[PDB]
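Undergrad: Please find one structure pasted underneath; my questions will follow.
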Amino acid sequence: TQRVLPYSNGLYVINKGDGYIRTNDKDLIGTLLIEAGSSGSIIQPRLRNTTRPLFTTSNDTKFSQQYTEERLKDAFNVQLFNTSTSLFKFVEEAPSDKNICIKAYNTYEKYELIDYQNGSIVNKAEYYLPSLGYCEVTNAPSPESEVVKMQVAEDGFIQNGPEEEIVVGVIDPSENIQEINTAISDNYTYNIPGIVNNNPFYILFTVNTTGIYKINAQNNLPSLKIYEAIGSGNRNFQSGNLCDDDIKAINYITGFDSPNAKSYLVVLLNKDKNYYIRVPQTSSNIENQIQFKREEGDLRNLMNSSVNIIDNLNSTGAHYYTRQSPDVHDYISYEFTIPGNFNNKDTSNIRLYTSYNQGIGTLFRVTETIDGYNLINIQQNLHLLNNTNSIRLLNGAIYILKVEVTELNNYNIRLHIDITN
Amino acid sequence: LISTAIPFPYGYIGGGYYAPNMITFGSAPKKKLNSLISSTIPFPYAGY
């Protein structure tokens, strides 16, 4: 009865909060009994190049401590040495009437490195960075009241700090990064080099003019993924060119991990930002290109989402298609062609519905003109979850359904296109 | 010369010869809350 994680395949670093301590007082600095009217202080000074952290891993060969430290540096730029130069100190003055006790614990900041792949965590590592302590103050426990026998609470952690879960995706270090040194105008074609040689990789690039862009591979194959470099563009700038801040922290925008799904990305890109494009493993030596085209027409009504190209819609009956479901308020698009000859009068009754994830869908008629593609709305506010409503669509026409996931109940989304007549 | 030719001592435990880490001690009670009013000393002072 856990929660569904709509994370794209990759590596993620999660800040789970601060103020963690071990059970059974394993991190208890100690307790001071300050008399009435007096003062007390607990100081935790630290040395240089010290302060051992706490590390566990599910796969030491892959998720080693060095690897986890490098990924943490990629995400938030943490280094163990930084915690070495810090000091913390708790000062408490007891009132005039009664005495006061202060307890001090050494705390930790809990980071988690996860390898998320197809809806599950295949590798998990826990890092605990030495933090700046936790202090609790009580009235003087009057000896003795009583002594009550209790049992240990077993191994575990207790968070005394505020709730926190900051998730940041990081660049896979084993995959190469190729740079487009020139800012992207209305049109460009990247020829994938032979240096990488079929291994999945990233493309770092920026944009000349803010706007909505269509990015695709040849025949929309393979599916591409796009990320935004977090905090990029505030630093060193050159007009019309790319400036790499070596930022590895990325935010997933859209893209399908499945390398076989025919898809193209429509995304709103900013000239003051840097973006990565992940292209997956290609199992052939056949050449391919990444095409970048700024869109000024109706295609801007698909941002930001990957549009899935359906080829097996050539007969009446039942068809359903499974993709990685986007997060809540995140879009996924399907472009399909009703079977039959297009004579502008033959119609087929179409039923569109999802199986588990509820989403609001808007479909568009697509009529490519000499000016480009024209998208015409023909329905809005379609609730796809177990939708029994049907609509008659022209045989041989082209339609694009954009679905916004409003309830995530499954890591996958299944769009069914039932065709009668 | 023999008396003064001590072998070179190794640096701090974490590695280095440059500087200590410092630490704060003391307080003036109070109106004012003199909590940061205190003394500062190098922490190891002999780490070699």
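FYI, nothing fancy with the structure tokens labels: chains A, B, ... in order, residues from 1 per chain, ligands from 1 as they appear.
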Write out as a list in words every residue belonging to chain A that has an atom at most 8 Å from any atom of chain B, counting only C-alpha atoms.

TA: residues 39, 45, 46, 47, 48, 49, 50, 85, 87 and 91 of chain A

Undergrad: State, in Å with one decimal place, the distance from atom CA of residue 27 of chain A to atom CA of residue 76 of chain A.

TA: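 Value for the atom CA of residue 27 of chain A-atom CA of residue 76 of chain A distance: 25.2 Å.
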
Undergrad: Go through A:282, A:406, A:395, A:118 one by one, measure the shortest atom-to-atom distance of each to residue 343 of chain A using only C-alpha atoms, and give the residue with the smallest value.

TA: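 Checking each candidate against residue 343 of chain A, we get A:395 as the closest.
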
Undergrad: Hey, what's within 6 Å of residue 415 of chain A if we count only C-alpha atoms and toss same-chain stuff fewer than 4 positions away? As a PyMOL selection string, please?

TA: chain A and resi 320-321+353-354

Undergrad: Would you pick out the contacts of residue 253 of chain A at 12 Å or less, using only C-alpha atoms, so that residues sharing its chain but fewer than 2 positions from it are not included, and give the list as a PyMOL selection string?

TA: chain A and resi 6-8+169+224-230+250-251+255-256+265-269+275-278+303-306+326-327+330-332

Undergrad: When you look at segment 97-105 of chain A with a cut-off of 12 Å (counting only C-alpha atoms), what residues show up, excluding the ones that are within fewer than 2 positions of it in the same chain? I need them as a VMD selection string.

TA: chain A and resid 19 to 44 88 to 95 107 to 108 130 to 142 158 to 160

Undergrad: Would you save the residues of that selection, restricted to N, CA and C atoms, as a short mmCIF file (atom, residue, chain, number, x, y, z; two decimals), in the first residue's frame?

TA:
data_model
loop_
_atom_site.label_atom_id
_atom_site.label_comp_id
_atom_site.auth_asym_id
_atom_site.auth_seq_id
_atom_site.Cartn_x
_atom_site.Cartn_y
_atom_site.Cartn_z
N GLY A 19 18.11 16.41 11.10
CA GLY A 19 17.85 16.12 12.50
C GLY A 19 17.67 14.66 12.84
N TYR A 20 18.20 13.75 12.03
CA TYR A 20 18.08 12.33 12.31
C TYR A 20 19.10 11.90 13.37
N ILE A 21 18.64 11.07 14.31
CA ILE A 21 19.50 10.49 15.34
C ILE A 21 19.23 8.99 15.40
N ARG A 22 20.21 8.26 15.91
CA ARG A 22 20.05 6.82 16.09
C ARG A 22 19.28 6.52 17.37
N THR A 23 18.62 5.37 17.39
CA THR A 23 17.87 4.95 18.56
C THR A 23 18.83 4.48 19.66
N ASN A 24 18.27 4.30 20.85
CA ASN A 24 19.02 3.85 22.03
C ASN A 24 20.17 4.80 22.36
N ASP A 25 19.98 6.09 22.11
CA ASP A 25 20.92 7.14 22.49
C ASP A 25 22.30 6.95 21.87
N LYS A 26 22.40 6.20 20.76
CA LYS A 26 23.70 5.95 20.15
C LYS A 26 24.39 7.24 19.71
N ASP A 27 23.65 8.32 19.51
CA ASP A 27 24.22 9.62 19.19
C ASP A 27 24.03 10.64 20.31
N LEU A 28 23.76 10.17 21.53
CA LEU A 28 23.59 11.06 22.67
C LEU A 28 24.91 11.72 23.00
N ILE A 29 25.00 13.04 22.79
CA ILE A 29 26.15 13.79 23.29
C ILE A 29 26.16 13.77 24.81
N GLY A 30 25.05 14.12 25.42
CA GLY A 30 25.00 14.07 26.87
C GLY A 30 23.97 15.00 27.47
N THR A 31 23.93 14.99 28.80
CA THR A 31 22.93 15.71 29.59
C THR A 31 23.62 16.58 30.63
N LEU A 32 23.23 17.85 30.69
CA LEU A 32 23.74 18.79 31.69
C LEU A 32 22.62 19.16 32.65
N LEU A 33 22.93 19.13 33.95
CA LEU A 33 22.01 19.54 35.01
C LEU A 33 22.46 20.91 35.51
N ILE A 34 21.79 21.95 35.05
CA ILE A 34 22.10 23.33 35.41
C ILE A 34 21.27 23.72 36.63
N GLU A 35 21.94 24.23 37.66
CA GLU A 35 21.26 24.68 38.86
C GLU A 35 20.48 25.96 38.59
N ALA A 36 19.58 26.28 39.52
CA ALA A 36 18.75 27.47 39.37
C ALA A 36 19.60 28.73 39.38
N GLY A 37 19.34 29.62 38.42
CA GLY A 37 20.07 30.86 38.29
C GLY A 37 21.38 30.76 37.55
N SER A 38 21.90 29.55 37.33
CA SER A 38 23.16 29.36 36.65
C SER A 38 22.93 29.18 35.15
N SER A 39 24.02 28.97 34.41
CA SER A 39 23.97 28.77 32.98
C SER A 39 24.71 27.49 32.62
N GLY A 40 24.37 26.93 31.46
CA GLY A 40 25.04 25.74 30.98
C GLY A 40 25.10 25.76 29.47
N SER A 41 26.08 25.04 28.94
CA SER A 41 26.28 24.99 27.50
C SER A 41 26.88 23.65 27.14
N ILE A 42 26.46 23.12 25.99
CA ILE A 42 27.05 21.93 25.41
C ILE A 42 27.61 22.31 24.05
N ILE A 43 28.91 22.10 23.86
CA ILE A 43 29.62 22.45 22.63
C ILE A 43 30.07 21.16 21.96
N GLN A 44 29.86 21.07 20.64
CA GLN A 44 30.37 19.94 19.86
C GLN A 44 31.34 20.47 18.81
N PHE A 88 28.75 23.55 16.50
CA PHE A 88 27.46 23.92 17.07
C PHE A 88 27.53 23.84 18.59
N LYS A 89 26.63 24.60 19.22
CA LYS A 89 26.72 24.91 20.64
C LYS A 89 25.34 25.30 21.13
N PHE A 90 24.90 24.69 22.24
CA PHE A 90 23.59 24.94 22.82
C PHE A 90 23.77 25.56 24.20
N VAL A 91 23.17 26.74 24.39
CA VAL A 91 23.28 27.52 25.62
C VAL A 91 21.91 27.60 26.26
N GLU A 92 21.83 27.30 27.56
CA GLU A 92 20.58 27.37 28.29
C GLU A 92 20.83 27.91 29.69
N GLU A 93 20.04 28.90 30.10
CA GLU A 93 20.10 29.45 31.44
C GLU A 93 18.88 28.98 32.23
N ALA A 94 19.13 28.40 33.40
CA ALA A 94 18.03 27.93 34.23
C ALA A 94 17.37 29.10 34.95
N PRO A 95 16.04 29.06 35.14
CA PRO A 95 15.36 30.15 35.85
C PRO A 95 15.70 30.18 37.33
N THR A 107 23.24 15.00 15.23
CA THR A 107 22.24 14.69 14.21
C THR A 107 22.90 14.37 12.88
N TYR A 108 22.05 13.97 11.93
CA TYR A 108 22.47 13.67 10.57
C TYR A 108 21.45 14.21 9.60
N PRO A 130 26.93 14.23 8.67
CA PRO A 130 26.89 14.80 10.02
C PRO A 130 26.34 16.22 10.03
N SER A 131 25.27 16.43 10.80
CA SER A 131 24.56 17.69 10.87
C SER A 131 24.94 18.44 12.14
N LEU A 132 24.21 19.52 12.43
CA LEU A 132 24.57 20.46 13.48
C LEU A 132 23.76 20.27 14.77
N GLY A 133 23.31 19.05 15.05
CA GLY A 133 22.86 18.69 16.38
C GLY A 133 21.37 18.90 16.64
N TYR A 134 20.93 18.36 17.77
CA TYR A 134 19.57 18.52 18.28
C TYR A 134 19.63 18.65 19.79
N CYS A 135 18.86 19.58 20.34
CA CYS A 135 18.88 19.86 21.77
C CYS A 135 17.46 19.85 22.30
N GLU A 136 17.25 19.18 23.44
CA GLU A 136 15.96 19.21 24.11
C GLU A 136 16.16 19.57 25.58
N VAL A 137 15.32 20.47 26.08
CA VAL A 137 15.43 20.99 27.44
C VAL A 137 14.22 20.54 28.24
N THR A 138 14.47 20.12 29.48
CA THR A 138 13.42 19.66 30.38
C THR A 138 13.63 20.28 31.75
N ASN A 139 12.58 20.24 32.57
CA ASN A 139 12.74 20.53 33.98
C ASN A 139 13.58 19.45 34.64
N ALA A 140 14.12 19.77 35.80
CA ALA A 140 14.99 18.82 36.49
C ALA A 140 14.19 17.59 36.90
N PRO A 141 14.55 16.39 36.42
CA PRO A 141 13.85 15.18 36.87
C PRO A 141 14.14 14.91 38.33
N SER A 142 13.15 15.07 39.18
CA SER A 142 13.36 14.91 40.61
C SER A 142 13.71 13.46 40.91
N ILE A 158 15.42 8.24 14.19
CA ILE A 158 14.35 9.13 14.63
C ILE A 158 14.67 10.52 14.09
N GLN A 159 13.73 11.10 13.35
CA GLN A 159 13.91 12.44 12.80
C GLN A 159 13.30 13.46 13.75
N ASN A 160 14.14 14.36 14.27
CA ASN A 160 13.68 15.46 15.11
C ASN A 160 13.53 16.76 14.33
#

Undergrad: Just how far from atom CA of residue 231 of chain A is atom CA of residue 274 of chain A, in Å to one decimal?

TA: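 Between atom CA of residue 274 of chain A and atom CA of residue 231 of chain A the gap works out to 8.8 Å.
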
Undergrad: Interatomic distance between atom CA of residue 405 of chain A and atom CA of residue 317 of chain A?

TA: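 Going from atom CA of residue 405 of chain A over to atom CA of residue 317 of chain A, I get 25.4 Å.
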
Undergrad: List every residue of segment 25-167 of chain A that DSSP, applied to the backbone, labels as alpha helix (DSSP H), and write the result as a ChimeraX atom specification.

TA: /A:65-75,80-84

Undergrad: Excluding residue 334 of chain A and its own-chain neighbours fewer than 4 positions away, which residues fall within 9 Å of it when counting only C-alpha atoms? Please give them as a list in words.

TA: residues 263, 306, 307, 308, 309, 310, 399, 400, 401, 402, 403 and 415 of chain A

Undergrad: Applying 10 Å and only C-alpha atoms, which residues near residue 111 of chain A remain after dropping the ones on its own chain fewer than 4 positions away? List them as a list in words.

TA: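 Neighbouring residues, sequence-local ones excluded: residues 13, 14, 15, 16, 17, 18, 55, 68, 72, 125, 126, 127, 128, 129, 165, 166 and 167 of chain A.
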